[PDB]
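Just one chain follows, in the form deposited in one PDB entry, and it is written as structure tokens.
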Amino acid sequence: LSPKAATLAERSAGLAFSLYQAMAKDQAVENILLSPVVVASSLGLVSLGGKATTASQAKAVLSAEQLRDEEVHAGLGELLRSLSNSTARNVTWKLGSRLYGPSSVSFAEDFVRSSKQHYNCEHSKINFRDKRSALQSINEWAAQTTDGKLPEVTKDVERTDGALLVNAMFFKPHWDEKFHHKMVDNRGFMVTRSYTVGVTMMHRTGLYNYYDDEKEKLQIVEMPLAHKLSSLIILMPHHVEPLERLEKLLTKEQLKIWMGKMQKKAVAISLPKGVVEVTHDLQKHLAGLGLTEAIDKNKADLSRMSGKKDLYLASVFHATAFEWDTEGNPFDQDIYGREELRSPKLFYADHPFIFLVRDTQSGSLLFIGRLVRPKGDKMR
């Protein structure tokens, strides 16, 4: 990444953690799945189609005060292009971003042109009169973007009069060392110690960077993705417990400390297999971090987006289908005939855990989330 895109990768990760922490405090929030660059591009779109404090507060939430407007849109545009670097573009990573305005609102050509170049933003009109048809247009668009992996964004829309930004994603981590396609069976996932759901799990034993934090009662394992161009790190408590305690330890300083103590050891990994569909409306959480002007029906200045002050940010849907599957790169099976795999560490992910995907080339954080409650109907 260029110096400007590198500073915005750090700011986008910082924003995703603050957004994750604000969402983890909400009792209605169960699974979390955030792509820091997609979240940052949503604020970038508010700055591009916004004026005076509506646009300045968008940069303030990203902690990008000392960055010029051109540096913000060019850096975020370069960051969105770099997301396809560690993955098979339009195969294991699909992303669409659509701005839905009311039927009585026409988007300015200046905004359409710049938003499409910087953020690959699509523009559409929505008839809020029949709610069933307005929902079906958004749900069918997300389903087509992800080829049915995310068949629905939401079952209801609350604010039916402003602009609706919708981000639909499909991501499937391709392991550097695949799990065998038949090493799958049905298991229990303890949502709490008194509530267990059924899940399909995939299993493999291999060599992974690993650390067992005995003091903080958690295991941490790094699973490299294809050609080690990215890696997926999982932090799971020893006991089935609410993630609140572990989430308090979620700082860059502690993550750097845990990464430094990891050693390559034989680990018997078992993970839930299937699609985790997570939809968040980031409107109320982004407002809670400093985006009060854009979300208000009266104070919102989105004149660069439409031409007149007839638009306010009603919703920021961030919907992702994150697929845990066995597929990855092949490897030499003779690694099984080696002494190192004699007594592996057991990483059996049958209870809530935090996970993060990081681009190894740019150091940029690709995904942050947690799995608390697996769907409940994706078992074989």
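The term rigid core refers to the maximal set of C-alpha atoms that superpose within 1.5 Å between the two forms. Residue numbers here begin at 1 and follow the sequence given.
- Looking at the other PDB entries for this protein, residue 335 is absent from the model in a third or more of those that include the residues around it.
- For residue 149, the fraction of other compared entries lacking coordinates, among those that model flanking residues, is zero, nowhere near a third.
- Higher mean CA B-factor, judged across 38 to 46 and 324 to 332 from the recorded values: 38 to 46.
- Just going by the entry, 296 to 304 versus 274 to 282 on mean CA temperature factor gives the higher value to 296 to 304.
- Of the candidates 180, 98, 131, 149, the one whose C-alpha carries the top B factor in the deposited record is 131.
- Between the residues 310, 241, 247, 122, the entry's highest C-alpha temperature factor is the one at 310.
- The entry lists a Cα temperature factor for residue 352 that places it in the lowest third of the chain's modelled residues.
- The deposited CA B-factor of residue 258 belongs to the middle third of values across its chain.
- Residue 31 sits in the lowest third of its chain by CA B factor, as recorded in the PDB entry.
- When all modelled residues of the chain are sorted by CA temperature factor, residue 186 is found within the lowest third.
- Among all modelled residues in its chain, residue 213 ranks in the middle third by Cα B-factor.
One more form of this protein, deposited in another entry, exists but is not displayed; see below.
- Looking at 231, 86, 283, 97 after a core superposition between the shown form and the other one, you find that only 86 has a C-alpha shift of 2 Å or more.
- The gap between the Cα atoms of residue 227 and residue 88 is smaller in the other form, by no less than 3 Å, than in this form.
- The pair residue 330 and residue 90 is at least 3 angstroms closer at the CA level in the other form than in the present model.
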